[PDB]
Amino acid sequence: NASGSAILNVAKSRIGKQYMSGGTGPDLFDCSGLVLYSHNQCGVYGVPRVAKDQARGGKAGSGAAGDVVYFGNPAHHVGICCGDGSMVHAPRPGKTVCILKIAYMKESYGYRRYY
């Protein structure tokens, strides 16, 4: 899906940006801030701010490019799906935005879709 790929492309563009608690871009990000930025930049409105809410909003996803992957219920971490088993995410303070295999989180996960 083209909107999904667009959200992914915006997330990828942020690879290398520093983590900051409270960051939603363009230069500094937390996990949910990267999700929010990536959607807003593509005109995909309606996305909430914090991870636990992003995990509950929208519709069920499949893990396709641009879906939101969330970790936990209630969720404490999120990323943007690449569509291949990996995600773009802002990991934690002291890391930069990067791609990680979703399996490497070693915890429960699901998918939402906002586009």
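Start at 1 and count along the sequence shown; that's the residue number.
Asks: Mean CA temperature factor from the deposited coordinates, higher in 35-43 or in 64-72?
Replies: In the deposited entry, the stretch with the higher C-alpha B-factor mean is 64-72.
Asks: Per the entry, where is the mean C-alpha temperature factor higher: 104-112 or 3-11?
Replies: Higher mean C-alpha B-factor in the PDB entry: 104-112.
Asks: Select lowest, middle or highest to describe the third in which the CA B-factor of residue 57 falls within its chain in this entry.
Replies: Answer is highest: the recorded C-alpha B-factor places it there.
Asks: Sorting by Cα B-factor within the chain, modelled residues only, which third would residue 83 end up in: lowest, middle or highest?
Replies: Within its chain, residue 83 is a highest-third residue by C-alpha B-factor, going by the deposited values.
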